[PDB]
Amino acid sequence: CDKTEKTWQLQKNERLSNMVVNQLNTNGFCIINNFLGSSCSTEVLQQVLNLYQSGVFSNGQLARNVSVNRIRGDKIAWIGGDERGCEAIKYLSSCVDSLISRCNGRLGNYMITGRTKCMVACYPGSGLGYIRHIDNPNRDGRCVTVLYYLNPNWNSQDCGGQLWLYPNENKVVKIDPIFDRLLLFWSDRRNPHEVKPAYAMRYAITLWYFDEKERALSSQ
């Protein structure tokens, strides 16, 4: 994985941004399979596992900054990308940032000028999950949720852990958390979703992109 321009790649990236714009505006979510390729994705996974084994993950928290394991059962680490052993995570974030930048001005009326650090997450089996929720119900600035999944050879019948999305349609969209899949969806009340109980270690990275005007309301 060259973490640092081919013509075919540059043209593909334009095509991907056009798909993302259309799919988010039309359906409220977009799936991109094989986003980084297996070599780069393996490096991301290896760095996430090394971080987890190093004992730096805390409990996932709710908007009141408290944890209730029966509501949200993941362990998380906030990663900016420049920490030791995180170059592949930084590479992922740069690829997502480039994708979002190519969509700027075409995603609703949002103006995206910032995002969270990477939220690296593990649901450590044991039937842990995240009950149905909305990422941004109260105008906290988050406009697009991006998930990157890291689970090789995952079988949801055995291991659960699907993301179930309920696009604001009368139907559930059941999404497997498969290795090297990117998922984007509007963060607000249009997209309730839940992480179904996981029966194996389930890894993912989240980036939340902010709408500048709404995000200002959170300044302190």
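Note that residue numbering begins at 1 and tracks the sequence as displayed.
Peer 1: Indicate whether the chain is continuous between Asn168 and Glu169 or, if not, how many deposited residues are absent from the coordinates: none, 1 to 3, 4 to 9, or 10 or more.
Peer 2: In the record, 1 to 3 residues between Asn168 and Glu169 lack coordinates.
Peer 1: Taking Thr4 and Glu5 as adjacent modelled residues, how many residues of the deposited sequence between them have no coordinates (none, 1 to 3, 4 to 9, 10 or more)?
Peer 2: According to the record, 4 to 9 deposited residues lack coordinates from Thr4 to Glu5.
Peer 1: If you take the mean CA temperature factor per stretch, which one wins between 65-73 and 149-157?
Peer 2: Here the higher of the two C-alpha B-factor means belongs to 65-73.
Peer 1: Mean CA B-factor: is it higher for 183-191 or for 33-41?
Peer 2: It is 33-41.
Peer 1: From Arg139, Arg115, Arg132, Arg84, which pick has the Cα B-factor that tops the rest in the entry?
Peer 2: Across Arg139, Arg115, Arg132, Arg84, the entry lists the biggest C-alpha B-factor for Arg84.
Peer 1: Which third, lowest, middle or highest, does the C-alpha temperature factor of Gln162 belong to within its own chain?
Peer 2: It falls in the bottom third of the chain.
Peer 1: Name the third of the chain's ranked CA B-factors that contains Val172, choosing lowest, middle or highest.
Peer 2: Highest third of the chain for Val172's C-alpha B-factor.
Peer 1: Within this chain's modelled residues, let me know which third the CA B factor of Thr206 belongs to: lowest, middle or highest.
Peer 2: Its C-alpha B-factor belongs to the lowest third of this chain's values.
Peer 1: In terms of the CA temperature factor given in the entry, to which third of its chain does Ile100 belong: lowest, middle or highest?
Peer 2: Within its chain, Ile100 is a middle-third residue by C-alpha B-factor, going by the deposited values.
Peer 1: Would you please rank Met111 by its C-alpha temperature factor against the other modelled residues of its chain and give the third it falls in: lowest, middle or highest?
Peer 2: Top third by C-alpha B-factor.
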